[PDB]
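This is input.cif. It holds mmCIF, N, CA, C and O atoms and all ligand atoms.
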```cif
data_target
loop_
_atom_site.group_PDB
_atom_site.id
_atom_site.type_symbol
_atom_site.label_atom_id
_atom_site.label_comp_id
_atom_site.auth_asym_id
_atom_site.auth_seq_id
_atom_site.Cartn_x
_atom_site.Cartn_y
_atom_site.Cartn_z
ATOM 1 N N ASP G 80 16.716 -91.363 -15.325
ATOM 2 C CA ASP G 80 17.395 -91.901 -16.493
ATOM 3 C C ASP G 80 16.909 -93.302 -16.877
ATOM 4 O O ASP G 80 17.310 -93.837 -17.909
ATOM 5 N N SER G 81 16.042 -93.895 -16.059
ATOM 6 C CA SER G 81 15.504 -95.231 -16.338
ATOM 7 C C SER G 81 13.989 -95.286 -16.143
ATOM 8 O O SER G 81 13.440 -94.709 -15.204
ATOM 9 N N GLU G 82 13.326 -95.990 -17.059
ATOM 10 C CA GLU G 82 11.865 -96.116 -17.063
ATOM 11 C C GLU G 82 11.377 -96.901 -15.862
ATOM 12 O O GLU G 82 10.273 -96.697 -15.367
ATOM 13 N N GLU G 83 12.212 -97.820 -15.402
ATOM 14 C CA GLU G 83 11.894 -98.647 -14.236
ATOM 15 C C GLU G 83 12.243 -97.965 -12.911
ATOM 16 O O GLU G 83 11.603 -98.205 -11.899
ATOM 17 N N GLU G 84 13.257 -97.111 -12.945
ATOM 18 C CA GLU G 84 13.767 -96.435 -11.742
ATOM 19 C C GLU G 84 12.692 -95.625 -11.009
ATOM 20 O O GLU G 84 12.487 -95.771 -9.802
ATOM 21 N N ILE G 85 11.983 -94.775 -11.732
ATOM 22 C CA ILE G 85 10.938 -93.972 -11.108
ATOM 23 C C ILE G 85 9.704 -94.853 -10.855
ATOM 24 O O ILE G 85 8.859 -94.555 -10.007
ATOM 25 N N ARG G 86 9.600 -95.941 -11.614
ATOM 26 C CA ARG G 86 8.438 -96.828 -11.553
ATOM 27 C C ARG G 86 8.386 -97.629 -10.274
ATOM 28 O O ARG G 86 7.315 -97.792 -9.688
ATOM 29 N N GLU G 87 9.521 -98.147 -9.837
ATOM 30 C CA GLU G 87 9.563 -98.917 -8.597
ATOM 31 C C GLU G 87 9.380 -97.967 -7.414
ATOM 32 O O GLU G 87 8.734 -98.311 -6.407
ATOM 33 N N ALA G 88 9.910 -96.759 -7.548
ATOM 34 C CA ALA G 88 9.785 -95.734 -6.519
ATOM 35 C C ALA G 88 8.318 -95.368 -6.309
ATOM 36 O O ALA G 88 7.953 -94.893 -5.251
ATOM 37 N N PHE G 89 7.458 -95.596 -7.292
ATOM 38 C CA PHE G 89 6.048 -95.267 -7.107
ATOM 39 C C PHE G 89 5.398 -96.059 -5.981
ATOM 40 O O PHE G 89 4.509 -95.556 -5.322
ATOM 41 N N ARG G 90 5.841 -97.285 -5.732
ATOM 42 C CA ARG G 90 5.261 -98.069 -4.631
ATOM 43 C C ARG G 90 5.763 -97.575 -3.291
ATOM 44 O O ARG G 90 5.133 -97.770 -2.269
ATOM 45 N N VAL G 91 6.904 -96.920 -3.323
ATOM 46 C CA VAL G 91 7.529 -96.381 -2.131
ATOM 47 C C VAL G 91 6.924 -95.002 -1.812
ATOM 48 O O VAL G 91 6.687 -94.651 -0.652
ATOM 49 N N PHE G 92 6.680 -94.218 -2.853
ATOM 50 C CA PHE G 92 6.166 -92.862 -2.704
ATOM 51 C C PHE G 92 4.642 -92.791 -2.544
ATOM 52 O O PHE G 92 4.151 -91.989 -1.750
ATOM 53 N N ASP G 93 3.895 -93.603 -3.286
ATOM 54 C CA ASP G 93 2.423 -93.564 -3.263
ATOM 55 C C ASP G 93 1.817 -94.646 -2.367
ATOM 56 O O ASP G 93 1.590 -95.781 -2.786
ATOM 57 N N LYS G 94 1.551 -94.266 -1.130
ATOM 58 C CA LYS G 94 1.022 -95.184 -0.117
ATOM 59 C C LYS G 94 -0.430 -95.560 -0.383
ATOM 60 O O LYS G 94 -0.855 -96.649 -0.032
ATOM 61 N N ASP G 95 -1.183 -94.660 -1.001
ATOM 62 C CA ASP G 95 -2.600 -94.931 -1.279
ATOM 63 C C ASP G 95 -2.741 -95.888 -2.453
ATOM 64 O O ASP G 95 -3.766 -96.542 -2.624
ATOM 65 N N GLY G 96 -1.711 -95.940 -3.285
ATOM 66 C CA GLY G 96 -1.751 -96.760 -4.486
ATOM 67 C C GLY G 96 -2.647 -96.170 -5.562
ATOM 68 O O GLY G 96 -2.967 -96.846 -6.540
ATOM 69 N N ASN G 97 -3.061 -94.918 -5.386
ATOM 70 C CA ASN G 97 -4.008 -94.272 -6.305
ATOM 71 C C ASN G 97 -3.370 -93.628 -7.544
ATOM 72 O O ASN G 97 -4.071 -93.077 -8.386
ATOM 73 N N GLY G 98 -2.050 -93.693 -7.653
ATOM 74 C CA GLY G 98 -1.347 -93.176 -8.821
ATOM 75 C C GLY G 98 -0.867 -91.744 -8.710
ATOM 76 O O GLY G 98 -0.267 -91.236 -9.651
ATOM 77 N N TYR G 99 -1.114 -91.097 -7.576
ATOM 78 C CA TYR G 99 -0.717 -89.697 -7.382
ATOM 79 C C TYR G 99 -0.119 -89.477 -6.002
ATOM 80 O O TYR G 99 -0.485 -90.174 -5.053
ATOM 81 N N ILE G 100 0.784 -88.509 -5.883
ATOM 82 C CA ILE G 100 1.405 -88.166 -4.596
ATOM 83 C C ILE G 100 1.144 -86.688 -4.239
ATOM 84 O O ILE G 100 1.261 -85.818 -5.100
ATOM 85 N N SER G 101 0.794 -86.425 -2.980
ATOM 86 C CA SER G 101 0.556 -85.063 -2.470
ATOM 87 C C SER G 101 1.690 -84.660 -1.520
ATOM 88 O O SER G 101 2.510 -85.498 -1.168
ATOM 89 N N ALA G 102 1.735 -83.404 -1.082
ATOM 90 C CA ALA G 102 2.814 -82.938 -0.190
ATOM 91 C C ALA G 102 2.971 -83.777 1.085
ATOM 92 O O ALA G 102 4.068 -84.195 1.409
ATOM 93 N N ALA G 103 1.888 -84.018 1.808
ATOM 94 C CA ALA G 103 1.976 -84.760 3.068
ATOM 95 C C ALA G 103 2.505 -86.180 2.838
ATOM 96 O O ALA G 103 3.244 -86.734 3.654
ATOM 97 N N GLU G 104 2.120 -86.755 1.712
ATOM 98 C CA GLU G 104 2.532 -88.100 1.346
ATOM 99 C C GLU G 104 4.003 -88.130 0.903
ATOM 100 O O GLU G 104 4.755 -89.065 1.226
ATOM 101 N N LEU G 105 4.407 -87.096 0.177
ATOM 102 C CA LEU G 105 5.780 -86.951 -0.306
ATOM 103 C C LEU G 105 6.717 -86.674 0.860
ATOM 104 O O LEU G 105 7.831 -87.184 0.915
ATOM 105 N N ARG G 106 6.246 -85.877 1.806
ATOM 106 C CA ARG G 106 7.014 -85.523 3.003
ATOM 107 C C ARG G 106 7.470 -86.768 3.736
ATOM 108 O O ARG G 106 8.582 -86.821 4.233
ATOM 109 N N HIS G 107 6.605 -87.771 3.788
ATOM 110 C CA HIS G 107 6.907 -89.004 4.493
ATOM 111 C C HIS G 107 8.204 -89.649 3.999
ATOM 112 O O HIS G 107 8.999 -90.136 4.791
ATOM 113 N N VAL G 108 8.419 -89.655 2.691
ATOM 114 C CA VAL G 108 9.652 -90.218 2.134
ATOM 115 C C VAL G 108 10.771 -89.160 2.074
ATOM 116 O O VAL G 108 11.938 -89.483 2.288
ATOM 117 N N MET G 109 10.431 -87.906 1.800
ATOM 118 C CA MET G 109 11.433 -86.844 1.660
ATOM 119 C C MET G 109 12.256 -86.606 2.898
ATOM 120 O O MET G 109 13.414 -86.272 2.774
ATOM 121 N N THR G 110 11.690 -86.775 4.081
ATOM 122 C CA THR G 110 12.446 -86.529 5.315
ATOM 123 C C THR G 110 13.521 -87.588 5.555
ATOM 124 O O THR G 110 14.387 -87.419 6.406
ATOM 125 N N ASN G 111 13.449 -88.677 4.802
ATOM 126 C CA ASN G 111 14.435 -89.756 4.910
ATOM 127 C C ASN G 111 15.374 -89.715 3.706
ATOM 128 O O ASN G 111 16.522 -90.120 3.784
ATOM 129 N N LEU G 112 14.857 -89.228 2.591
ATOM 130 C CA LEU G 112 15.622 -89.120 1.351
ATOM 131 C C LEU G 112 16.522 -87.878 1.357
ATOM 132 O O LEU G 112 17.595 -87.872 0.763
ATOM 133 N N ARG G 113 16.066 -86.827 2.021
ATOM 134 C CA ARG G 113 16.774 -85.545 2.078
ATOM 135 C C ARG G 113 16.631 -85.000 3.496
ATOM 136 O O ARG G 113 15.786 -85.451 4.259
ATOM 137 N N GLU G 114 17.450 -84.017 3.836
ATOM 138 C CA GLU G 114 17.435 -83.418 5.170
ATOM 139 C C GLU G 114 17.216 -81.915 5.061
ATOM 140 O O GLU G 114 17.164 -81.384 3.952
ATOM 141 N N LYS G 115 17.104 -81.247 6.210
ATOM 142 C CA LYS G 115 16.904 -79.785 6.285
ATOM 143 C C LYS G 115 15.634 -79.369 5.519
ATOM 144 O O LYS G 115 15.675 -78.489 4.677
ATOM 145 N N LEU G 116 14.519 -80.014 5.815
ATOM 146 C CA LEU G 116 13.256 -79.708 5.129
ATOM 147 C C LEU G 116 12.128 -79.352 6.082
ATOM 148 O O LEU G 116 11.933 -80.011 7.102
ATOM 149 N N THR G 117 11.377 -78.325 5.723
ATOM 150 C CA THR G 117 10.160 -77.953 6.443
ATOM 151 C C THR G 117 8.996 -78.536 5.650
ATOM 152 O O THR G 117 9.202 -79.079 4.570
ATOM 153 N N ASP G 118 7.776 -78.413 6.153
ATOM 154 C CA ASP G 118 6.602 -78.885 5.403
ATOM 155 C C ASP G 118 6.434 -77.997 4.164
ATOM 156 O O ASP G 118 6.063 -78.438 3.090
ATOM 157 N N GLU G 119 6.752 -76.728 4.350
ATOM 158 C CA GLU G 119 6.688 -75.718 3.308
ATOM 159 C C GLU G 119 7.653 -76.005 2.162
ATOM 160 O O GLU G 119 7.333 -75.761 1.014
ATOM 161 N N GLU G 120 8.831 -76.540 2.464
ATOM 162 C CA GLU G 120 9.794 -76.877 1.407
ATOM 163 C C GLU G 120 9.224 -77.984 0.531
ATOM 164 O O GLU G 120 9.506 -78.052 -0.661
ATOM 165 N N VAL G 121 8.397 -78.848 1.106
ATOM 166 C CA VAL G 121 7.762 -79.893 0.319
ATOM 167 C C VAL G 121 6.701 -79.242 -0.555
ATOM 168 O O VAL G 121 6.581 -79.570 -1.728
ATOM 169 N N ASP G 122 5.929 -78.324 0.007
ATOM 170 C CA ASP G 122 4.852 -77.681 -0.752
ATOM 171 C C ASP G 122 5.383 -76.821 -1.894
ATOM 172 O O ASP G 122 4.823 -76.831 -2.984
ATOM 173 N N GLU G 123 6.477 -76.100 -1.667
ATOM 174 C CA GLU G 123 7.095 -75.326 -2.747
ATOM 175 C C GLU G 123 7.461 -76.282 -3.867
ATOM 176 O O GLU G 123 7.215 -76.004 -5.045
ATOM 177 N N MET G 124 8.026 -77.426 -3.505
ATOM 178 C CA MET G 124 8.401 -78.411 -4.502
ATOM 179 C C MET G 124 7.189 -78.969 -5.236
ATOM 180 O O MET G 124 7.301 -79.267 -6.404
ATOM 181 N N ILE G 125 6.033 -79.097 -4.591
ATOM 182 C CA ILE G 125 4.839 -79.577 -5.297
ATOM 183 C C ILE G 125 4.436 -78.544 -6.328
ATOM 184 O O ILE G 125 4.129 -78.879 -7.463
ATOM 185 N N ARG G 126 4.441 -77.283 -5.934
ATOM 186 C CA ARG G 126 3.991 -76.199 -6.807
ATOM 187 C C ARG G 126 4.872 -76.030 -8.038
ATOM 188 O O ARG G 126 4.399 -75.591 -9.075
ATOM 189 N N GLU G 127 6.138 -76.386 -7.924
ATOM 190 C CA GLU G 127 7.054 -76.318 -9.062
ATOM 191 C C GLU G 127 7.076 -77.621 -9.869
ATOM 192 O O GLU G 127 7.396 -77.621 -11.054
ATOM 193 N N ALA G 128 6.749 -78.727 -9.215
ATOM 194 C CA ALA G 128 6.747 -80.040 -9.856
ATOM 195 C C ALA G 128 5.469 -80.319 -10.629
ATOM 196 O O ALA G 128 5.477 -81.057 -11.607
ATOM 197 N N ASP G 129 4.377 -79.756 -10.161
ATOM 198 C CA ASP G 129 3.080 -79.998 -10.765
ATOM 199 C C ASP G 129 2.961 -79.210 -12.072
ATOM 200 O O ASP G 129 2.616 -78.029 -12.074
ATOM 201 N N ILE G 130 3.266 -79.874 -13.175
ATOM 202 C CA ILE G 130 3.287 -79.259 -14.505
ATOM 203 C C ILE G 130 1.965 -78.570 -14.879
ATOM 204 O O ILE G 130 1.961 -77.531 -15.539
ATOM 205 N N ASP G 131 0.849 -79.152 -14.468
ATOM 206 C CA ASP G 131 -0.478 -78.617 -14.798
ATOM 207 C C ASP G 131 -1.127 -77.842 -13.637
ATOM 208 O O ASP G 131 -2.227 -77.312 -13.779
ATOM 209 N N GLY G 132 -0.438 -77.762 -12.508
ATOM 210 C CA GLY G 132 -0.907 -76.992 -11.363
ATOM 211 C C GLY G 132 -2.212 -77.388 -10.680
ATOM 212 O O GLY G 132 -2.862 -76.519 -10.107
ATOM 213 N N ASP G 133 -2.611 -78.658 -10.719
ATOM 214 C CA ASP G 133 -3.889 -79.082 -10.098
ATOM 215 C C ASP G 133 -3.780 -79.607 -8.651
ATOM 216 O O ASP G 133 -4.789 -79.943 -8.026
ATOM 217 N N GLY G 134 -2.566 -79.667 -8.114
ATOM 218 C CA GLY G 134 -2.346 -80.074 -6.731
ATOM 219 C C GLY G 134 -1.920 -81.525 -6.536
ATOM 220 O O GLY G 134 -1.834 -81.991 -5.396
ATOM 221 N N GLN G 135 -1.645 -82.239 -7.616
ATOM 222 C CA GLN G 135 -1.230 -83.646 -7.530
ATOM 223 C C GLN G 135 -0.246 -84.026 -8.641
ATOM 224 O O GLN G 135 -0.159 -83.392 -9.661
ATOM 225 N N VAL G 136 0.506 -85.092 -8.404
ATOM 226 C CA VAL G 136 1.527 -85.534 -9.355
ATOM 227 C C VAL G 136 1.320 -86.983 -9.815
ATOM 228 O O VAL G 136 1.408 -87.911 -9.009
ATOM 229 N N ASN G 137 1.032 -87.154 -11.110
ATOM 230 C CA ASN G 137 0.778 -88.479 -11.726
ATOM 231 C C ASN G 137 2.084 -89.144 -12.199
ATOM 232 O O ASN G 137 3.146 -88.619 -11.947
ATOM 233 N N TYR G 138 2.019 -90.290 -12.875
ATOM 234 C CA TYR G 138 3.246 -90.995 -13.307
ATOM 235 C C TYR G 138 4.215 -90.191 -14.181
ATOM 236 O O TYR G 138 5.402 -90.151 -13.892
ATOM 237 N N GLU G 139 3.733 -89.565 -15.241
ATOM 238 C CA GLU G 139 4.627 -88.829 -16.142
ATOM 239 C C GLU G 139 5.111 -87.570 -15.442
ATOM 240 O O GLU G 139 6.262 -87.170 -15.564
ATOM 241 N N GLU G 140 4.214 -86.962 -14.690
ATOM 242 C CA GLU G 140 4.501 -85.757 -13.921
ATOM 243 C C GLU G 140 5.533 -86.056 -12.826
ATOM 244 O O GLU G 140 6.292 -85.198 -12.444
ATOM 245 N N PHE G 141 5.563 -87.287 -12.341
ATOM 246 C CA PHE G 141 6.515 -87.713 -11.308
ATOM 247 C C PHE G 141 7.925 -87.724 -11.858
ATOM 248 O O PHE G 141 8.872 -87.389 -11.161
ATOM 249 N N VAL G 142 8.065 -88.085 -13.123
ATOM 250 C CA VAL G 142 9.367 -88.049 -13.781
ATOM 251 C C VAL G 142 9.814 -86.592 -13.818
ATOM 252 O O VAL G 142 10.965 -86.266 -13.548
ATOM 253 N N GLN G 143 8.882 -85.708 -14.143
ATOM 254 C CA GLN G 143 9.208 -84.292 -14.235
ATOM 255 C C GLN G 143 9.408 -83.668 -12.858
ATOM 256 O O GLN G 143 10.117 -82.681 -12.715
ATOM 257 N N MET G 144 8.786 -84.253 -11.844
ATOM 258 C CA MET G 144 8.847 -83.737 -10.476
ATOM 259 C C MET G 144 10.296 -83.569 -10.039
ATOM 260 O O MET G 144 10.664 -82.602 -9.374
ATOM 261 N N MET G 145 11.118 -84.542 -10.411
ATOM 262 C CA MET G 145 12.512 -84.577 -9.986
ATOM 263 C C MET G 145 13.478 -83.886 -10.944
ATOM 264 O O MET G 145 14.653 -83.727 -10.618
ATOM 265 N N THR G 146 12.997 -83.463 -12.108
ATOM 266 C CA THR G 146 13.846 -82.793 -13.097
ATOM 267 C C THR G 146 13.505 -81.307 -13.202
ATOM 268 O O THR G 146 14.192 -80.537 -13.883
ATOM 269 N N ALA G 147 12.449 -80.910 -12.511
ATOM 270 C CA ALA G 147 12.018 -79.521 -12.465
ATOM 271 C C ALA G 147 13.054 -78.696 -11.695
ATOM 272 O O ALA G 147 13.864 -79.242 -10.942
ATOM 273 N N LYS G 148 13.003 -77.331 -11.892
ATOM 274 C CA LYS G 148 13.911 -76.379 -11.221
ATOM 275 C C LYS G 148 15.350 -76.680 -11.651
ATOM 276 O O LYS G 148 15.995 -75.964 -12.401
HETATM 277 CA CA CA G 201 -1.355 -91.132 -3.011
HETATM 278 CA CA CA G 202 -0.930 -82.248 -11.837
#
```
Rewrite the structure of this file - the entire thing - as structure tokens.
Ligand SMILES: [Ca+2]
Ligand SMILES: [Ca+2]
Amino acid sequence: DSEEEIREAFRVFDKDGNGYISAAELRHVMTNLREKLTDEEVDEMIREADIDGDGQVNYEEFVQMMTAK
């Protein structure tokens, strides 16, 4: 709901600083943000979050990542 909200989270989610997050990288924060998760639950979420299906999530796609499903 805020342009800054997902923006500050990018420094928390993207450790490489390259502008994109992958399953293994997302898992690192997801296991603390949410519980009852397998590695596969993260990957299912990537496949549904990735609007263009290329295996990575950029800034605009990150907003959609959390509003998907
Ligand atoms: Ca990254
Ligand atoms: Ca993508």
Original post:
Between atom C of residue 98 (chain G) and CA of residue 115 (chain G), what is the distance, to one decimal in Å?
Top reply: 26.1 Å
**OP:** Could you tell me which residues the PyMOL selection byres (((not hetatm)) within 6 of (chain G and resi 202)) grabs in this file, written as a ChimeraX atom specification?
**Re:** /G:129-137
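Taking all atoms listed in the file into account, every polymer residue with at least one atom at most 8 Å away from ligand CA 201 (chain G) is listed here: residues 89, 92, 93, 94, 95, 96, 97, 98, 99, 100, 101, 104, 105 and 136 of chain G.
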Using N, CA, C and O atoms, can you write the selected residues to a file as a compact mmCIF listing (two decimals), keeping the file's coordinate frame?
```
# COMPACT_ATOMS: atom_id res chain seq x y z
N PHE G 89 7.46 -95.60 -7.29
CA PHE G 89 6.05 -95.27 -7.11
C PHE G 89 5.40 -96.06 -5.98
O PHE G 89 4.51 -95.56 -5.32
N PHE G 92 6.68 -94.22 -2.85
CA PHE G 92 6.17 -92.86 -2.70
C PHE G 92 4.64 -92.79 -2.54
O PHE G 92 4.15 -91.99 -1.75
N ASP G 93 3.90 -93.60 -3.29
CA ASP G 93 2.42 -93.56 -3.26
C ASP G 93 1.82 -94.65 -2.37
O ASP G 93 1.59 -95.78 -2.79
N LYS G 94 1.55 -94.27 -1.13
CA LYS G 94 1.02 -95.18 -0.12
C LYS G 94 -0.43 -95.56 -0.38
O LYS G 94 -0.86 -96.65 -0.03
N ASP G 95 -1.18 -94.66 -1.00
CA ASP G 95 -2.60 -94.93 -1.28
C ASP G 95 -2.74 -95.89 -2.45
O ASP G 95 -3.77 -96.54 -2.62
N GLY G 96 -1.71 -95.94 -3.28
CA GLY G 96 -1.75 -96.76 -4.49
C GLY G 96 -2.65 -96.17 -5.56
O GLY G 96 -2.97 -96.85 -6.54
N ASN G 97 -3.06 -94.92 -5.39
CA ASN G 97 -4.01 -94.27 -6.30
C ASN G 97 -3.37 -93.63 -7.54
O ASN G 97 -4.07 -93.08 -8.39
N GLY G 98 -2.05 -93.69 -7.65
CA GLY G 98 -1.35 -93.18 -8.82
C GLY G 98 -0.87 -91.74 -8.71
O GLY G 98 -0.27 -91.24 -9.65
N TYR G 99 -1.11 -91.10 -7.58
CA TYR G 99 -0.72 -89.70 -7.38
C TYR G 99 -0.12 -89.48 -6.00
O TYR G 99 -0.48 -90.17 -5.05
N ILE G 100 0.78 -88.51 -5.88
CA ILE G 100 1.40 -88.17 -4.60
C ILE G 100 1.14 -86.69 -4.24
O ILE G 100 1.26 -85.82 -5.10
N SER G 101 0.79 -86.42 -2.98
CA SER G 101 0.56 -85.06 -2.47
C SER G 101 1.69 -84.66 -1.52
O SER G 101 2.51 -85.50 -1.17
N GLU G 104 2.12 -86.76 1.71
CA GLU G 104 2.53 -88.10 1.35
C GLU G 104 4.00 -88.13 0.90
O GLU G 104 4.76 -89.06 1.23
N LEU G 105 4.41 -87.10 0.18
CA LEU G 105 5.78 -86.95 -0.31
C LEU G 105 6.72 -86.67 0.86
O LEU G 105 7.83 -87.18 0.92
N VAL G 136 0.51 -85.09 -8.40
CA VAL G 136 1.53 -85.53 -9.36
C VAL G 136 1.32 -86.98 -9.82
O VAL G 136 1.41 -87.91 -9.01
```
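Note that CA of residue 122 (chain G) and CA of residue 103 (chain G) are 8.5 Å apart.
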**OP:** Could you tell me how far atom O of residue 145 (chain G) lies from CA of residue 125 (chain G), in Å and to one decimal?
**Re:**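 Value for the atom O of residue 145 (chain G)-CA of residue 125 (chain G) distance: 11.9 Å.
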**OP:** Identify, on the basis of only C-alpha atoms, every residue whose closest approach to residue 85 (chain G) does not exceed 10 Å; exclude the query and any residue fewer than 6 positions from it along the same chain; express the result as an MDAnalysis selection string.
**Re:** chainID G and resid 91:92 138:139 141:142 145
